[PDB]
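Data first, discussion second: the structure below is written as structure tokens.
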Amino acid sequence: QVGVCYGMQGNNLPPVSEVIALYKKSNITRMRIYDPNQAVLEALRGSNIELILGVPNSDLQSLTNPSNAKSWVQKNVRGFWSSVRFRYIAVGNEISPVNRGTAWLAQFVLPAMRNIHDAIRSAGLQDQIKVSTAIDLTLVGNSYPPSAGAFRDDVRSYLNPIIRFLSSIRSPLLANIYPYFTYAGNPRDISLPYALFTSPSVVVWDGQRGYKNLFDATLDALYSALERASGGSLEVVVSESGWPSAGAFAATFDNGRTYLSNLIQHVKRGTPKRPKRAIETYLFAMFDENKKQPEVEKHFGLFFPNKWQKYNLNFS
Ligand SMILES: C[As](C)(=O)[O-]
Numbered sequence: 001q002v003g004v005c006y007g008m009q010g011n012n013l014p015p016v017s018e019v020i021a022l023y024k025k026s027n028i029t030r031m032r033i034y035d036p037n038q039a040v041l042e043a044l045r046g047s048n049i050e051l052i053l054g055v056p057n058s059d060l061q062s063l064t065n066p067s068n069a070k071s072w073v074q075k076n077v078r079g080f081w082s083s084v085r086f087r088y089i090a091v092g093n094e095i096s097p098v099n100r101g102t103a104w105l106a107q108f109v110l111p112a113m114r115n116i117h118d119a120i121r122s123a124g125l126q127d128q129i130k131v132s133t134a135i136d137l138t139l140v141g142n143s144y145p146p147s148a149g150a151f152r153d154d155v156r157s158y159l160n161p162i163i164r165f166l167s168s169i170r171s172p173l174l175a176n177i178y179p180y181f182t183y184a185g186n187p188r189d190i191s192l193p194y195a196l197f198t199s200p201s202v203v204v205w206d207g208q209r210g211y212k213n214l215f216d217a218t219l220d221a222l223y224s225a226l227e228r229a230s231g232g233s234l235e236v237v238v239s240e241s242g243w244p245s246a247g248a249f250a251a252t253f254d255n256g257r258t259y260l261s262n263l264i265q266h267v268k269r270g271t272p273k274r275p276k277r278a279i280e281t282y283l284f285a286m287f288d289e290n291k292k293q294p295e296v297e298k299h300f301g302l303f304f305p306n307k308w309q310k311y312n313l314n315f316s
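The following block contains the structure:
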């Protein structure tokens, strides 16, 4: 089942309780939150909803201290484990050692992960609850063609030991992935059917491998980079994907509806490189978030804040 990211940065959003109800109502059994909001945590009790619990980047620093991490796990994890199906903890989101926004935090990620996981195992929850981190693909320097997929040379010192850690505790890697921005930046080279999963024939040829949609190509591009960095056994959970209804080039209702509907359907299966396993995927995001900037980041909602659906999707 597809999951949905619950961002709460709007001035017009439903009460937490109604949002959970709406999740249950729409039969959405998977959620991603970006911080451990207690009301949300208390609201998920007995929901049977598998949860991605996020560590906010501002606390990464704090958690490089083992004791801060311990108390972090006690308050937010052990206090709820009876009734909340914590699935993954996403320690940091879109951290890069070379992106201006997050560079000074990179040092913190792996230690945080060890302390939380260390904290996690002491409570004996390590086979249910996988410690990981959620990346963006700014870290991937090459993805064309997909077989050539490789991480940026200047991010290898950062990613390498993180991969190693993940391999050893058998955790997957989490990736936020937006075919939308790939398309939006280069519609001359990227065809909309390619971006939207509606292409009858392959669009990208990779030796003997043909890519029909932008989403399949990119993940496999990620897979090739993981394989070159000693993560050939890592699973990828896709922790964000979405298409905006307004605010910029190609931000339209129809595109949104197409993209998201094929996607929900697509991930019932895999990619041209790893056909067996289903892609665990989290749709971004449940509500428009009128506080985000710029304009287009306020329209990723799948639902209006009055809780009527934007796109009329089956999540079942
Ligand atoms: C834009 As190209 C030549 O890397 O497919």
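Just so you know, we're using the entry's author numbering here: the sequence shown kicks off at 1 and counts up by one. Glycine residues also receive a C-beta, built at the ideal position from the N, C-alpha and C atoms.
Item	Value
Within this structure, are the beta carbons of residue 383 and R87 separated by less than 8 Å?	Because residue 383 is not part of the residues shown, which for the chain are 1 to 316, the question remains open.
Counting C-beta neighbours from all protein chains within 10 Å, is the total for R45 16 or more, i.e. buried, or is it exposed?	exposed
DSSP on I95, reduced to helix/strand/coil?	coil
Cβ of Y144 within 7 Å of any heavy atom in ligand 1?	yes
Whole alpha helix (DSSP H) runs in the region 214–241 with 4 or more residues, listed along the chain?	214–228
Leaving out five residues before and five after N11 in sequence, what residues of the same chain have Cβ atoms less than 6 Å from its Cβ?	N290
My guess is that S147 and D206 are in contact by the Cβ rule of under 8 Å, so how many angstroms apart are they, rounded?	5 Å
Compute the distance between the beta-carbons of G3 and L283, then report whether it is under 8 Å.	yes
Based on the DSSP output, what are the partners of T258 in its beta bridges?	Answer by DSSP bridge pairing: none, since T258 is not bridged.
Report buried or exposed for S83, applying the criterion of at least 16 other Cβ atoms within 10 angstroms of its Cβ.	exposed
What does the Cβ neighbour count give for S245, buried or exposed, with the cut at 16 atoms within 10 Å?	buried
Would you say the beta carbon of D189 comes nearer than 7 Å to a heavy atom of ligand 1?	yes
Three Cβ pairs or more, each shorter than 8 Å: is that satisfied between the region 11–20 and the region 61–81?	no
Determine the closest residue to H299 out of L105, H266 and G256, with distance taken between C-alpha atoms.	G256
Under the DSSP definition of a beta bridge, which residues are partnered with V140?	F151
Count the CB pairs spanning the region 154–169 and the region 187–206 that are closer than 8 Å, and state whether there are at least three.	no
Please specify which runs of the alpha helix (DSSP H), each continuous and at least 4 residues long, are wholly inside the region 112–139, giving them in chain order.	none
Quick check on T252: does DSSP put it in helix, strand or coil?	coil
Rank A69, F181, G210 and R85 by C-alpha distance to the C-alpha of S122 and give the top, closest one.	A69
Considering only residues of the same chain and omitting the five flanking positions on each side of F108, which have a CB-CB separation below 8 Å?	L60, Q61, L63, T64 and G92
Buried or exposed, going by whether 16 or more other CB atoms sit within 10 Å of the CB of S168?	exposed
What are the residues that DSSP puts in a beta bridge with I89?	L53 and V131
Determine which residues share a DSSP beta bridge with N160 and list them.	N160 pairs with nothing; no bridge assigned.
Could you check if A175 is buried or exposed, using at least 16 other CB atoms within 10 Å of its CB as the buried criterion?	buried
In terms of DSSP beta bridges, what is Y23 paired with?	None; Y23 has no bridge partner.
Helix, strand or coil: which one does DSSP assign to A175?	strand
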